[PDB]
């Protein structure tokens, strides 16, 4: 399908509209721009950080993957984190989850999808680790809960990386945030895990899970 010739023209048009409306827009942006935020979010299509954040363009370093994971031994995301933290000196990392997430839904289904199964086993381990809380919930309320739990677990993993622990240890400023977005209701205000230290991580995480385990 010839969606491609259309995509290019739209780029062209957009780039023209930006120049004519601000001549030095690309000059300003192309140069010496240092992001102060990292966004770890889902590859799903209605959860773009460009859409969800109000940040100045060039402020956001971005990684996206299926179900917004920080797997302890994932070279890809750990590299984004380490480059962001050690080299770019970013001081805030955001893990953003969302409702109606395909990854969460696929983690919860038993379809053999090959490779993606291996990746989602991490989510399934998280589902089993909160089996009680989820089991005593209504089948179709569960995806929403798992999403919320997942963010909290991934932030926990983030805060336990060698990279984050060291930064904190040597007194570099670094705060982690875990939010959850809903397509209709927007950002669920009762979510926010938030950490600036290992001690704060623990409290924020624990509290977050307790809060979620309310009836």
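Positions refer to the first chain, counted from 1.
Q: Quick one: higher average CA temperature factor, 9 to 17 or 190 to 198?
A: Mean C-alpha B-factor is greater for 9 to 17.
Q: Which has higher Cα B-factors on average according to the PDB entry: 46 to 54 or 162 to 170?
A: Higher mean C-alpha B-factor in the PDB entry: 46 to 54.
Q: Of the options 32, 36, 177, 64, which has the highest CA B factor as deposited?
A: Across 32, 36, 177, 64, the entry lists the biggest C-alpha B-factor for 32.
Q: By the CA temperature factor listed in this entry, which of these ranks top: 74, 125, 140, 86?
A: When the deposited C-alpha B-factors of 74, 125, 140, 86 are compared, 140 is largest.
Q: For residue 153, does the deposited CA B-factor place it in the lowest, middle or highest third of the chain?
A: Ranked within chain, residue 153 CA B lands in the lowest tercile.
Q: Report the third (lowest, middle or highest) to which the CA temperature factor of residue 70 belongs, ranking only the modelled residues of the same chain.
A: CA B-factor rank for residue 70: lowest third.
Q: Rank-wise, by C-alpha B-factor, drop residue 60 into the lowest, middle or highest third of its chain.
A: Ranked within chain, residue 60 CA B lands in the middle tercile.
Q: Just say lowest, middle or highest third for the CA B-factor of residue 134 relative to the other modelled residues in its chain.
A: It falls in the top third of the chain.
Q: Sorting by Cα B-factor within the chain, modelled residues only, which third would residue 109 end up in: lowest, middle or highest?
A: Its C-alpha B-factor belongs to the highest third of this chain's values.
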